[PDB]
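Undergrad: To be precise about what I am sending: the file is called my_file06.cif and holds mmCIF, C-alpha atoms.
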```cif
data_work
loop_
_atom_site.label_atom_id
_atom_site.label_comp_id
_atom_site.auth_asym_id
_atom_site.auth_seq_id
_atom_site.Cartn_x
_atom_site.Cartn_y
_atom_site.Cartn_z
CA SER A 2 -38.25 3.79 -11.15
CA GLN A 3 -35.90 1.19 -12.64
CA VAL A 4 -32.40 0.02 -11.74
CA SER A 5 -29.92 0.47 -14.59
CA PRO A 6 -29.08 -2.55 -16.79
CA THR A 7 -27.65 -5.39 -14.75
CA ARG A 8 -24.16 -6.13 -16.09
CA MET A 9 -21.00 -4.13 -16.90
CA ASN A 10 -22.61 -1.55 -14.65
CA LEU A 11 -21.18 -3.48 -11.71
CA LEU A 12 -17.67 -2.33 -12.62
CA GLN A 13 -18.96 1.23 -12.99
CA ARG A 14 -20.68 1.13 -9.60
CA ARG A 15 -17.51 -0.09 -7.92
CA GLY A 16 -15.63 2.73 -9.64
CA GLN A 17 -18.15 5.27 -8.39
CA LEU A 18 -17.84 3.85 -4.88
CA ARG A 19 -14.07 4.26 -4.99
CA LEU A 20 -14.46 7.84 -6.23
CA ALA A 21 -16.94 8.71 -3.47
CA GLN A 22 -14.57 7.39 -0.80
CA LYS A 23 -11.70 9.39 -2.29
CA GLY A 24 -13.93 12.46 -2.19
CA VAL A 25 -14.77 12.02 1.49
CA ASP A 26 -11.14 11.55 2.45
CA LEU A 27 -10.18 14.66 0.46
CA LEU A 28 -12.88 16.86 2.00
CA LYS A 29 -11.56 15.86 5.43
CA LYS A 30 -8.07 17.04 4.50
CA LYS A 31 -9.51 20.35 3.31
CA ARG A 32 -11.42 20.88 6.57
CA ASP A 33 -8.17 20.30 8.47
CA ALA A 34 -6.61 23.36 6.83
CA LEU A 35 -9.79 25.37 7.36
CA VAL A 36 -9.50 24.74 11.11
CA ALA A 37 -5.76 25.44 11.16
CA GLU A 38 -6.58 28.91 9.83
CA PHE A 39 -9.70 29.50 11.95
CA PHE A 40 -7.69 29.09 15.14
CA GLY A 41 -5.18 31.78 14.19
CA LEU A 42 -8.02 34.14 13.32
CA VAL A 43 -9.77 33.54 16.65
CA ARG A 44 -6.41 34.27 18.27
CA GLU A 45 -6.05 37.64 16.53
CA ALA A 46 -9.62 38.61 17.46
CA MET A 47 -8.62 38.75 21.13
CA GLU A 48 -5.88 41.33 20.56
CA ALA A 49 -8.26 43.34 18.38
CA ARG A 50 -10.88 43.49 21.14
CA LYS A 51 -8.14 44.34 23.65
CA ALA A 52 -7.01 47.40 21.70
CA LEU A 53 -10.66 48.38 21.21
CA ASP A 54 -11.27 48.34 24.96
CA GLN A 55 -8.09 50.36 25.50
CA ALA A 56 -9.14 53.10 23.09
CA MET B 1 -20.51 55.96 10.01
CA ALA B 2 -23.23 55.32 12.59
CA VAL B 3 -23.79 54.29 16.20
CA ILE B 4 -26.69 53.57 18.55
CA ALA B 5 -25.86 54.46 22.16
CA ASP B 6 -26.79 56.79 25.01
CA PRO B 7 -27.01 60.48 24.02
CA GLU B 8 -23.97 61.69 25.98
CA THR B 9 -21.73 59.42 23.89
CA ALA B 10 -23.88 59.81 20.77
CA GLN B 11 -23.05 63.51 20.69
CA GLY B 12 -19.48 62.54 21.55
CA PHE B 13 -19.41 60.53 18.33
CA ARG B 14 -21.02 63.48 16.53
CA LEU B 15 -18.11 65.62 17.77
CA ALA B 16 -15.89 64.32 14.93
CA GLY B 17 -17.95 63.15 11.95
CA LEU B 18 -19.72 59.80 12.05
CA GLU B 19 -23.21 60.94 13.04
CA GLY B 20 -24.54 59.36 16.23
CA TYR B 21 -28.24 58.69 16.78
CA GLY B 22 -28.89 58.51 20.51
CA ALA B 23 -30.68 55.67 22.25
CA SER B 24 -33.14 58.12 23.84
CA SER B 25 -35.45 57.38 20.89
CA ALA B 26 -35.02 53.58 20.75
CA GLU B 27 -33.76 51.66 23.77
CA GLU B 28 -34.67 48.39 22.07
CA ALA B 29 -32.88 50.04 19.10
CA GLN B 30 -34.65 47.81 16.56
CA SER B 31 -36.58 50.79 15.18
CA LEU B 32 -33.57 53.07 14.85
CA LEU B 33 -31.44 50.25 13.43
CA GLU B 34 -34.11 49.46 10.83
CA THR B 35 -34.41 53.14 9.91
CA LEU B 36 -30.63 53.54 9.63
CA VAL B 37 -30.32 50.49 7.37
CA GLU B 38 -33.36 51.75 5.44
CA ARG B 39 -31.51 54.97 4.62
CA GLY B 40 -28.63 52.57 4.03
CA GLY B 41 -25.91 55.09 3.20
CA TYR B 42 -23.67 53.87 6.03
CA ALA B 43 -20.72 51.48 6.20
CA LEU B 44 -21.34 50.09 9.69
CA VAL B 45 -23.79 50.40 12.57
CA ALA B 46 -22.14 49.74 15.93
CA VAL B 47 -25.05 48.95 18.26
CA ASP B 48 -24.67 49.25 22.01
CA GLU B 49 -25.68 46.32 24.21
CA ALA B 50 -28.73 47.97 25.76
CA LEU B 51 -30.62 44.67 25.83
CA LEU B 52 -29.06 42.64 23.00
CA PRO B 53 -27.85 43.36 19.44
CA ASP B 54 -27.10 39.66 18.77
CA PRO B 55 -30.48 38.45 17.39
CA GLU B 56 -30.04 39.80 13.86
CA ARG B 57 -32.68 37.37 12.55
CA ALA B 58 -34.96 40.16 11.31
CA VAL B 59 -32.01 42.36 10.30
CA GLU B 60 -30.67 39.70 7.94
CA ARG B 61 -34.30 39.06 6.97
CA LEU B 62 -34.57 42.62 5.65
CA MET B 63 -31.10 42.35 4.09
CA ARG B 64 -31.23 38.82 2.60
CA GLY B 65 -27.83 38.68 0.93
CA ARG B 66 -26.63 42.28 1.01
CA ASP B 67 -23.27 44.02 1.25
CA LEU B 68 -24.80 46.42 3.75
CA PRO B 69 -23.36 48.02 6.91
CA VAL B 70 -21.80 45.40 9.16
CA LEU B 71 -23.61 44.90 12.47
CA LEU B 72 -21.14 45.03 15.34
CA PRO B 73 -21.78 45.08 19.10
CA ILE B 74 -19.63 47.88 20.50
CA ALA B 75 -20.13 48.13 24.28
CA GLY B 76 -22.57 49.02 27.04
CA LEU B 77 -20.44 51.43 29.09
CA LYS B 78 -16.96 51.80 30.62
CA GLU B 79 -16.74 50.42 34.16
CA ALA B 80 -15.01 47.03 33.71
CA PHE B 81 -13.67 45.21 30.63
CA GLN B 82 -11.77 42.32 32.19
CA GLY B 83 -13.84 39.28 31.21
CA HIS B 84 -15.52 40.79 28.17
CA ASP B 85 -12.70 39.32 26.08
CA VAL B 86 -13.46 35.70 26.98
CA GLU B 87 -17.19 36.50 26.93
CA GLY B 88 -17.02 37.55 23.29
CA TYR B 89 -14.68 34.59 22.74
CA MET B 90 -17.11 31.96 24.02
CA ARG B 91 -20.20 33.57 22.50
CA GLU B 92 -18.74 34.10 19.03
CA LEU B 93 -17.39 30.56 19.15
CA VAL B 94 -20.22 28.32 20.30
CA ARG B 95 -23.23 30.27 19.04
CA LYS B 96 -21.78 30.77 15.55
CA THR B 97 -21.17 27.98 13.05
CA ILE B 98 -18.40 25.89 14.62
CA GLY B 99 -20.02 23.74 17.29
CA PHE B 100 -19.19 23.51 21.00
CA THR C 240 -46.44 -10.85 -48.42
CA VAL C 241 -49.49 -8.75 -49.29
CA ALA C 242 -47.45 -5.55 -48.99
CA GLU C 243 -44.63 -6.74 -51.26
CA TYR C 244 -47.24 -7.83 -53.78
CA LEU C 245 -49.17 -4.56 -53.88
CA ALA C 246 -45.89 -2.64 -54.08
CA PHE C 247 -43.67 -4.49 -56.55
CA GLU C 248 -46.58 -5.35 -58.85
CA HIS C 249 -49.01 -2.41 -58.87
CA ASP C 250 -46.74 0.60 -58.15
CA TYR C 251 -48.32 1.47 -54.81
CA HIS C 252 -46.58 3.12 -51.87
CA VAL C 253 -47.39 1.08 -48.77
CA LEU C 254 -46.78 1.76 -45.07
CA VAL C 255 -46.80 -1.37 -42.90
CA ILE C 256 -47.60 -0.78 -39.22
CA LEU C 257 -46.52 -3.84 -37.22
CA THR C 258 -47.83 -3.68 -33.65
CA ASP C 259 -46.32 -5.28 -30.54
CA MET C 260 -43.41 -7.34 -31.80
CA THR C 261 -43.01 -8.45 -28.18
CA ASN C 262 -45.95 -10.84 -28.52
CA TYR C 263 -44.37 -12.34 -31.64
CA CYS C 264 -41.12 -12.85 -29.74
CA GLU C 265 -43.12 -14.46 -26.93
CA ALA C 266 -44.75 -17.02 -29.21
CA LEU C 267 -41.29 -17.70 -30.64
CA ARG C 268 -39.79 -18.29 -27.19
CA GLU C 269 -42.69 -20.58 -26.26
CA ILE C 270 -42.30 -22.86 -29.27
CA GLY C 271 -38.53 -22.87 -28.77
CA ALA C 272 -38.88 -23.84 -25.12
CA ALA C 273 -41.35 -26.63 -25.88
CA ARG C 274 -38.77 -27.74 -28.47
CA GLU C 275 -35.78 -27.66 -26.04
CA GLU C 276 -33.52 -25.74 -28.40
CA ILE C 277 -30.57 -24.24 -26.48
CA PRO C 278 -31.77 -20.86 -25.15
CA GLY C 279 -29.56 -18.12 -26.50
CA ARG C 280 -29.71 -15.20 -24.08
CA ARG C 281 -32.13 -14.80 -21.17
CA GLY C 282 -34.84 -17.14 -22.36
CA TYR C 283 -35.34 -16.46 -26.09
CA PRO C 284 -33.72 -18.98 -28.46
CA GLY C 285 -30.62 -18.56 -30.61
CA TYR C 286 -32.13 -17.97 -34.05
CA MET C 287 -34.23 -14.96 -33.03
CA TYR C 288 -31.87 -12.61 -34.87
CA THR C 289 -32.44 -14.72 -37.98
CA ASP C 290 -36.23 -14.63 -37.55
CA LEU C 291 -36.52 -10.90 -36.87
CA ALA C 292 -34.20 -10.19 -39.79
CA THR C 293 -36.26 -12.45 -42.03
CA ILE C 294 -39.38 -10.37 -41.34
CA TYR C 295 -37.65 -6.96 -41.23
CA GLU C 296 -35.59 -7.03 -44.43
CA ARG C 297 -38.74 -7.23 -46.59
CA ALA C 298 -38.97 -3.44 -46.95
CA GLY C 299 -36.95 -1.55 -49.52
CA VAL C 300 -37.08 -0.08 -53.01
CA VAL C 301 -36.04 -1.65 -56.31
CA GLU C 302 -34.76 -0.15 -59.54
CA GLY C 303 -36.88 -0.06 -62.65
CA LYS C 304 -40.10 -0.25 -60.66
CA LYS C 305 -41.45 2.67 -58.65
CA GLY C 306 -43.16 1.07 -55.66
CA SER C 307 -41.89 1.31 -52.13
CA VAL C 308 -42.36 -0.43 -48.79
CA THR C 309 -41.64 1.32 -45.48
CA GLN C 310 -42.20 -0.01 -41.97
CA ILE C 311 -42.88 1.27 -38.46
CA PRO C 312 -42.66 -1.69 -36.04
CA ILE C 313 -44.11 -0.65 -32.70
CA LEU C 314 -42.58 -2.53 -29.78
CA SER C 315 -42.70 -2.05 -26.01
CA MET C 316 -39.34 -2.49 -24.34
CA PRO C 317 -40.43 -4.62 -21.37
CA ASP C 318 -38.91 -3.07 -18.25
CA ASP C 319 -37.54 0.13 -19.85
CA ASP C 320 -34.25 -1.57 -20.71
CA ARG C 321 -32.48 -0.84 -23.98
CA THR C 322 -30.36 -3.89 -23.10
CA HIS C 323 -33.20 -6.39 -23.32
CA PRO C 324 -32.69 -8.90 -26.17
CA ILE C 325 -35.80 -7.80 -28.08
CA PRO C 326 -34.92 -4.08 -28.38
CA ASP C 327 -31.25 -4.97 -28.74
CA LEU C 328 -31.62 -7.25 -31.76
CA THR C 329 -34.26 -4.98 -33.28
CA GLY C 330 -31.90 -2.03 -33.06
CA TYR C 331 -29.09 -4.06 -34.61
CA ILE C 332 -31.27 -5.09 -37.55
CA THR C 333 -33.26 -1.98 -38.46
CA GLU C 334 -31.84 1.41 -39.51
CA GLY C 335 -33.07 4.04 -37.07
CA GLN C 336 -35.39 4.20 -34.10
CA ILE C 337 -37.70 6.53 -32.19
CA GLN C 338 -37.74 6.30 -28.41
CA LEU C 339 -40.42 7.70 -26.12
CA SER C 340 -39.66 9.04 -22.65
CA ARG C 341 -41.61 8.33 -19.47
CA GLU C 342 -40.05 11.30 -17.68
CA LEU C 343 -41.35 13.60 -20.41
CA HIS C 344 -44.73 11.87 -20.29
CA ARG C 345 -44.95 12.80 -16.61
CA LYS C 346 -44.77 16.51 -17.46
CA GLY C 347 -47.57 16.51 -20.03
CA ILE C 348 -45.33 16.82 -23.09
CA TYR C 349 -46.67 15.39 -26.34
CA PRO C 350 -45.16 13.58 -28.21
CA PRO C 351 -42.73 12.61 -25.46
CA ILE C 352 -40.08 11.64 -28.00
CA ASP C 353 -36.71 11.66 -26.28
CA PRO C 354 -34.53 13.30 -28.95
CA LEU C 355 -31.11 12.14 -27.72
CA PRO C 356 -31.17 8.31 -28.02
CA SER C 357 -33.33 8.17 -31.19
CA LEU C 358 -31.47 8.43 -34.51
CA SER C 359 -32.10 7.58 -38.15
#
```
Translate this file's structure into structure tokens.

TA:
Amino acid sequence: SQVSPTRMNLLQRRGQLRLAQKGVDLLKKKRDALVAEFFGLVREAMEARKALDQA
Amino acid sequence: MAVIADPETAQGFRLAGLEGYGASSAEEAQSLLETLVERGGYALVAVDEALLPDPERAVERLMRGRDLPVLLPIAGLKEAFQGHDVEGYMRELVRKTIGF
Amino acid sequence: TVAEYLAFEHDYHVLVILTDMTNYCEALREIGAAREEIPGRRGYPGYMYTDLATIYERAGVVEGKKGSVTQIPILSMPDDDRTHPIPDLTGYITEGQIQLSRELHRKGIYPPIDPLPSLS
């Protein structure tokens, strides 16, 4: 189509780049906690299936 | 509130509530499962592993975002349950969302 | 000149449609270049604000008389930039604007007048 006007948008583009990088490196830190919970849940599932087989 | 397994254990389930519909009418069980979810008044449908209850493609096709009875593979029979733990472990792990 | 005459002498109500002010600005830039006269901003010379004002401010209403002169200068922003010198100075000089929208023209709307950036 058309690139936005070609001055004083440079500062805004660099700001948006910084924000996108911050977003990536925050989503990673959220996924870390998601995994740290998923592993405990996949641990409990084994005991659940064990008791089910017993009964 | 439902089950799909061989008739001797289907009537066993029937013994104390929780109507059982034997597998003598659907060994593939797709037909009976579809009919049971059609009637819909159930909270779960534990399907035996006659051939496979895992491909719920068409089941979730008919549901398409529903708080319906929860599909759950129950068992095939009782003769050995030693490696079934790690079998369910591996299968639920790699074939579901989280890779590897 | 003709409009101001027929308004402030014979009590008419005129409506001057000026088409394609971009070509006027082009002729201006060409004479300025061939004159070597310190380009102001991106080509066009320094006194273009003065020139556009000189030919825009000729439209008002006086007291005592009853004539009136109102304008609608059509102009095509070159590359769809509101930051081009021609639309920029024109917006600074006049009082109001109407701005079409290519995105709305795609979807068959008519008139595709973008209502946000166009004020009076």

Undergrad: Write out as a list in words every residue belonging to chain A that has an atom at most 9 Å from any atom of chain C, counting only C-alpha atoms.

TA: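 Every residue of chain A that passes the 9 Å test is in residues 3, 5, 6 and 7 of chain A.
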
Undergrad: Taking the file as I've supplied it (selection: the PyMOL selection byres ((chain B and resi 21) around 9)), which residues are included? Please answer as a count of residues only.

TA: 16

Undergrad: Could you expand the PyMOL selection byres ((chain B) within 10 of (chain A)) into the explicit residues it covers here, written as a PyMOL selection string?

TA: chain B and resi 74-75+78+80-82+84-86+88-89+92-93+98

Undergrad: Residues at most 8 Å from stretch 289-298 of chain C, counting only C-alpha atoms, excluding those fewer than 3 positions away in the same chain, as a count of residues only?

TA: 10

Undergrad: Considering all atoms listed in the file, return as a PyMOL selection string whatever protein or nucleic-acid residues lie within 7 Å of residue C:306, sequence-local ones (same chain, fewer than 6 positions apart) excluded.

TA: chain C and resi 246-247+250-252+300

Undergrad: Please report the interatomic distance between atom CA of residue B:1 and atom CA of residue B:45 in Å with one decimal.

TA: 6.9 Å

Undergrad: Which residues match the PyMOL selection byres ((chain B and resi 33) around 12) in the file above, as a PyMOL selection string?

TA: chain B and resi 2-5+20-23+25-32+34-40+42+44-48+53+56+58-60+62+69-72

Undergrad: Go ahead and save the residues from that selection, with C-alpha atoms, as a short mmCIF file (atom, residue, chain, number, x, y, z; two decimals), keeping the file's coordinate frame.

TA:
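Output file result-v8.cif is given in full below:
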```cif
data_model
loop_
_atom_site.label_atom_id
_atom_site.label_comp_id
_atom_site.auth_asym_id
_atom_site.auth_seq_id
_atom_site.Cartn_x
_atom_site.Cartn_y
_atom_site.Cartn_z
CA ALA B 2 -23.23 55.32 12.59
CA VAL B 3 -23.79 54.29 16.20
CA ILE B 4 -26.69 53.57 18.55
CA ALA B 5 -25.86 54.46 22.16
CA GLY B 20 -24.54 59.36 16.23
CA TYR B 21 -28.24 58.69 16.78
CA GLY B 22 -28.89 58.51 20.51
CA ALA B 23 -30.68 55.67 22.25
CA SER B 25 -35.45 57.38 20.89
CA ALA B 26 -35.02 53.58 20.75
CA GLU B 27 -33.76 51.66 23.77
CA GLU B 28 -34.67 48.39 22.07
CA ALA B 29 -32.88 50.04 19.10
CA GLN B 30 -34.65 47.81 16.56
CA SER B 31 -36.58 50.79 15.18
CA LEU B 32 -33.57 53.07 14.85
CA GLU B 34 -34.11 49.46 10.83
CA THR B 35 -34.41 53.14 9.91
CA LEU B 36 -30.63 53.54 9.63
CA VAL B 37 -30.32 50.49 7.37
CA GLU B 38 -33.36 51.75 5.44
CA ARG B 39 -31.51 54.97 4.62
CA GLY B 40 -28.63 52.57 4.03
CA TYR B 42 -23.67 53.87 6.03
CA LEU B 44 -21.34 50.09 9.69
CA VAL B 45 -23.79 50.40 12.57
CA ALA B 46 -22.14 49.74 15.93
CA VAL B 47 -25.05 48.95 18.26
CA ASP B 48 -24.67 49.25 22.01
CA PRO B 53 -27.85 43.36 19.44
CA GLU B 56 -30.04 39.80 13.86
CA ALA B 58 -34.96 40.16 11.31
CA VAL B 59 -32.01 42.36 10.30
CA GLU B 60 -30.67 39.70 7.94
CA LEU B 62 -34.57 42.62 5.65
CA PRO B 69 -23.36 48.02 6.91
CA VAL B 70 -21.80 45.40 9.16
CA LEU B 71 -23.61 44.90 12.47
CA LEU B 72 -21.14 45.03 15.34
#
```

Undergrad: So how far away is atom CA of residue B:73 from atom CA of residue B:15, in Å?

TA: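 That distance, rounded to one decimal, is 20.9 Å.
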
Undergrad: Residues near residue C:325, anyone? I mean within 8 Å using all atoms listed in the file, not counting same-chain ones fewer than 6 positions away, as a VMD selection string.

TA: chain C and resid 261 264 316

Undergrad: With 8 Å added on each side, what axis-aligned box encloses every listed atom of stretch 35-54 of chain B? Give the centre and edge lengths in Å to one decimal, as lines of an AutoDock Vina configuration file.

TA:
```
center_x = -27.6
center_y = 47.4
center_z = 14.5
size_x = 29.7
size_y = 31.4
size_z = 38.6
```

Undergrad: By how many Å are atom CA of residue C:287 and atom CA of residue C:270 apart?

TA: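 Pair atom CA of residue C:287 / atom CA of residue C:270 returns 11.9 Å.
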